[PDB]
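Novice: Following this message is one structure expressed as structure tokens.
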Amino acid sequence: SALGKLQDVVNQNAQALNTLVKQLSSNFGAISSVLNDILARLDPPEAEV
Amino acid sequence: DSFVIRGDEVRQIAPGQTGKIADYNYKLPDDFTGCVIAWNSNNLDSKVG
Amino acid sequence: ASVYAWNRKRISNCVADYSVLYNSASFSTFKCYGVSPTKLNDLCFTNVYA
């Protein structure tokens with residue numbers, strides 16, 4: 001635990017990046033979290049929503 | 001834009017609708033501005049034969 | 001079947017042409033919710049039930 005400050009900074013940055021990448025898996029109330037699925041499944045009037 | 005359609009097809013003259021005359025006869029844009037007017041014409045646009 | 005005892009049929013291991021369903025004028029209502037009617041020929045499915 002001598003080098004905790006640098007490891008803390010690296011862990012915080014890596015964790016925040018992980019959180020960002022993980023947020024793509026959430027649909028936020030939509031039918032799917034994948035844009036390709038929505039574009040391949042729906043007409044533009046509902047795919048827009 | 002003037003035309004004659006069926007009684008049940010008046011719902012299809014709208015943005016974002018799935019239908020037969022919507023796809024192959026008259027299509028409205030998703031961002032359409034304006035008004036649709038429909039009135040019965042059985043007295044004038046019908047014949048007994 | 002009646003609506004209280006509605007018949008559920010499994011559809012599996014087949015290639016389906018849905019274009020003959022959209023283009024047919026026999027159906028008064030052809031309304032899809034989670035998928036576009038015209039994209040049905042471009043997708044693969046399982047757990048299909050009628």
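Naming scheme: A, B, ... for chains in displayed order of the structure tokens; residues 1 onward per chain; ligands 1 onward as shown.
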Quick check for you: according to DSSP on this backbone, which residues of chain B are classed as alpha helix (DSSP H)? Reply as a PDB file with N, CA and C atoms, in the first residue's frame.
Specialist:
```
ATOM      1  N   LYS B  20     -52.033   0.244 -46.850  1.00  0.00           N
ATOM      2  CA  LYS B  20     -51.884  -0.156 -48.241  1.00  0.00           C
ATOM      3  C   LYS B  20     -51.743   1.069 -49.139  1.00  0.00           C
ATOM      4  N   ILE B  21     -52.685   2.011 -49.017  1.00  0.00           N
ATOM      5  CA  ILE B  21     -52.612   3.256 -49.770  1.00  0.00           C
ATOM      6  C   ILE B  21     -51.518   4.157 -49.220  1.00  0.00           C
ATOM      7  N   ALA B  22     -51.135   3.966 -47.951  1.00  0.00           N
ATOM      8  CA  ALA B  22     -50.038   4.733 -47.375  1.00  0.00           C
ATOM      9  C   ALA B  22     -48.726   4.390 -48.065  1.00  0.00           C
ATOM     10  N   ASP B  23     -48.515   3.109 -48.360  1.00  0.00           N
ATOM     11  CA  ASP B  23     -47.264   2.655 -48.945  1.00  0.00           C
ATOM     12  C   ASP B  23     -47.262   2.755 -50.465  1.00  0.00           C
ATOM     13  N   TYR B  24     -48.364   2.399 -51.132  1.00  0.00           N
ATOM     14  CA  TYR B  24     -48.340   2.300 -52.586  1.00  0.00           C
ATOM     15  C   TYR B  24     -49.150   3.365 -53.313  1.00  0.00           C
TER      16      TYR B  24
END
```
Novice: Please build the interface table for chain C against chain B with a cut-off of 10 Å, listing for each qualifying residue the nearest atom pair and the distance in Å to one decimal; count only C-alpha atoms, order rows by chain and increasing number, and write it as JSON lines.
Specialist:
```
{"residue": "C:22", "atom": "CA", "partner": "B:20", "partner_atom": "CA", "distance": 8.9}
{"residue": "C:23", "atom": "CA", "partner": "B:20", "partner_atom": "CA", "distance": 8.2}
{"residue": "C:24", "atom": "CA", "partner": "B:20", "partner_atom": "CA", "distance": 9.7}
{"residue": "C:25", "atom": "CA", "partner": "B:20", "partner_atom": "CA", "distance": 8.2}
{"residue": "C:28", "atom": "CA", "partner": "B:8", "partner_atom": "CA", "distance": 9.5}
{"residue": "C:29", "atom": "CA", "partner": "B:19", "partner_atom": "CA", "distance": 9.2}
{"residue": "C:30", "atom": "CA", "partner": "B:19", "partner_atom": "CA", "distance": 8.4}
{"residue": "C:31", "atom": "CA", "partner": "B:18", "partner_atom": "CA", "distance": 7.8}
{"residue": "C:32", "atom": "CA", "partner": "B:18", "partner_atom": "CA", "distance": 9.1}
{"residue": "C:36", "atom": "CA", "partner": "B:18", "partner_atom": "CA", "distance": 9.2}
{"residue": "C:37", "atom": "CA", "partner": "B:18", "partner_atom": "CA", "distance": 8.4}
{"residue": "C:38", "atom": "CA", "partner": "B:18", "partner_atom": "CA", "distance": 10.0}
```
Novice: Give me the residues within 12 Å of residue 14 (chain C) as a list in words, counting only C-alpha atoms and dropping any in the same chain fewer than 3 places off.
Specialist: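 Everything that qualifies: residues 10, 11, 17, 44, 45, 46 and 48 of chain C.
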Novice: Those residues with N, CA and C atoms, as an mmCIF file, in the first residue's frame please?
Specialist:
```
data_model
loop_
_atom_site.group_PDB
_atom_site.id
_atom_site.type_symbol
_atom_site.label_atom_id
_atom_site.label_comp_id
_atom_site.auth_asym_id
_atom_site.auth_seq_id
_atom_site.Cartn_x
_atom_site.Cartn_y
_atom_site.Cartn_z
ATOM 1 N N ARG C 10 -46.581 -23.826 -32.077
ATOM 2 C CA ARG C 10 -45.172 -23.483 -32.176
ATOM 3 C C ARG C 10 -44.718 -23.506 -33.630
ATOM 4 N N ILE C 11 -43.934 -22.502 -34.015
ATOM 5 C CA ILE C 11 -43.329 -22.436 -35.336
ATOM 6 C C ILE C 11 -41.822 -22.490 -35.136
ATOM 7 N N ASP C 17 -41.732 -16.715 -45.355
ATOM 8 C CA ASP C 17 -41.882 -15.581 -46.260
ATOM 9 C C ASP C 17 -43.068 -14.770 -45.751
ATOM 10 N N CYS C 44 -33.980 -13.286 -38.210
ATOM 11 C CA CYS C 44 -34.093 -14.674 -37.788
ATOM 12 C C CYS C 44 -34.710 -14.711 -36.398
ATOM 13 N N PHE C 45 -35.625 -15.650 -36.175
ATOM 14 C CA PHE C 45 -36.309 -15.751 -34.897
ATOM 15 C C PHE C 45 -36.376 -17.188 -34.402
ATOM 16 N N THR C 46 -36.616 -17.299 -33.102
ATOM 17 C CA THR C 46 -36.968 -18.542 -32.437
ATOM 18 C C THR C 46 -38.056 -18.166 -31.448
ATOM 19 N N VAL C 48 -41.255 -18.783 -31.828
ATOM 20 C CA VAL C 48 -42.368 -18.222 -32.576
ATOM 21 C C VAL C 48 -43.629 -18.975 -32.191
#
```
Novice: Provide as a PyMOL selection string the residues of chain B at most 9 Å from chain A, counting only C-alpha atoms.
Specialist: chain B and resi 15-17+30
Novice: Convert the current residue selection to file output with N, CA and C atoms, as an mmCIF file, in the first residue's frame.
Specialist:
```cif
data_model
loop_
_atom_site.group_PDB
_atom_site.id
_atom_site.type_symbol
_atom_site.label_atom_id
_atom_site.label_comp_id
_atom_site.auth_asym_id
_atom_site.auth_seq_id
_atom_site.Cartn_x
_atom_site.Cartn_y
_atom_site.Cartn_z
ATOM 1 N N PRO B 15 -49.143 10.706 -40.796
ATOM 2 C CA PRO B 15 -47.716 10.391 -40.667
ATOM 3 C C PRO B 15 -47.484 9.110 -39.878
ATOM 4 N N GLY B 16 -46.488 8.342 -40.315
ATOM 5 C CA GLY B 16 -46.051 7.165 -39.592
ATOM 6 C C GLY B 16 -46.999 5.989 -39.598
ATOM 7 N N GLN B 17 -47.909 5.915 -40.560
ATOM 8 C CA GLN B 17 -48.910 4.860 -40.582
ATOM 9 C C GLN B 17 -48.485 3.712 -41.487
ATOM 10 N N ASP B 30 -42.920 12.000 -42.078
ATOM 11 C CA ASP B 30 -42.980 11.944 -40.618
ATOM 12 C C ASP B 30 -43.133 13.331 -40.005
#
```
Novice: What residues in chain C have any atom no more than 8 Å from chain A when counting only C-alpha atoms, and can you write them as a PyMOL selection string?
Specialist: chain C and resi 34-36+39-40+42-43
Novice: Taking 3 positions as the minimum chain separation for residues in the same chain, which residues sit within 9 Å of residue 7 (chain B) when counting only C-alpha atoms? Answer as a list in words.
Specialist: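 Final neighbour list, sorted by chain and number: residues 10, 11 and 40 of chain B.
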Novice: Generate the output file for the selected residues, N, CA, C and O atoms, as a PDB file, in the first residue's frame.
Specialist:
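Result file again-v8.pdb:
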```
ATOM      1  N   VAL B  10     -59.316   6.128 -44.111  1.00  0.00           N
ATOM      2  CA  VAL B  10     -59.050   7.507 -43.712  1.00  0.00           C
ATOM      3  C   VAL B  10     -58.053   7.568 -42.564  1.00  0.00           C
ATOM      4  O   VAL B  10     -57.408   8.603 -42.360  1.00  0.00           O
ATOM      5  N   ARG B  11     -57.913   6.481 -41.802  1.00  0.00           N
ATOM      6  CA  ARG B  11     -56.906   6.426 -40.755  1.00  0.00           C
ATOM      7  C   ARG B  11     -55.503   6.327 -41.339  1.00  0.00           C
ATOM      8  O   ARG B  11     -54.535   6.675 -40.656  1.00  0.00           O
ATOM      9  N   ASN B  40     -67.892  12.391 -46.611  1.00  0.00           N
ATOM     10  CA  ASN B  40     -68.618  11.350 -47.325  1.00  0.00           C
ATOM     11  C   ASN B  40     -69.098  11.869 -48.675  1.00  0.00           C
ATOM     12  O   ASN B  40     -69.607  12.988 -48.785  1.00  0.00           O
TER      13      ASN B  40
END
```
Novice: Can you tell me, as a PDB file with N, CA, C and O atoms, in the first residue's frame, what residues are no more than 8 Å from residue 25 (chain A) when counting only C-alpha atoms, ignoring any on the same chain fewer than 4 positions away?
Specialist:
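Full text of selection_3.pdb as output:
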```
ATOM      1  N   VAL A  21     -18.567   2.359 -20.528  1.00  0.00           N
ATOM      2  CA  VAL A  21     -18.727   1.243 -21.460  1.00  0.00           C
ATOM      3  C   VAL A  21     -19.950   0.406 -21.075  1.00  0.00           C
ATOM      4  O   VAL A  21     -20.739  -0.012 -21.934  1.00  0.00           O
ATOM      5  N   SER A  33     -31.043  -2.288 -26.262  1.00  0.00           N
ATOM      6  CA  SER A  33     -29.874  -1.449 -26.056  1.00  0.00           C
ATOM      7  C   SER A  33     -28.968  -1.400 -27.275  1.00  0.00           C
ATOM      8  O   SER A  33     -27.989  -0.645 -27.271  1.00  0.00           O
ATOM      9  N   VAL A  34     -29.264  -2.179 -28.308  1.00  0.00           N
ATOM     10  CA  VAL A  34     -28.439  -2.252 -29.505  1.00  0.00           C
ATOM     11  C   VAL A  34     -29.103  -1.414 -30.586  1.00  0.00           C
ATOM     12  O   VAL A  34     -30.295  -1.587 -30.870  1.00  0.00           O
TER      13      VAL A  34
END
```
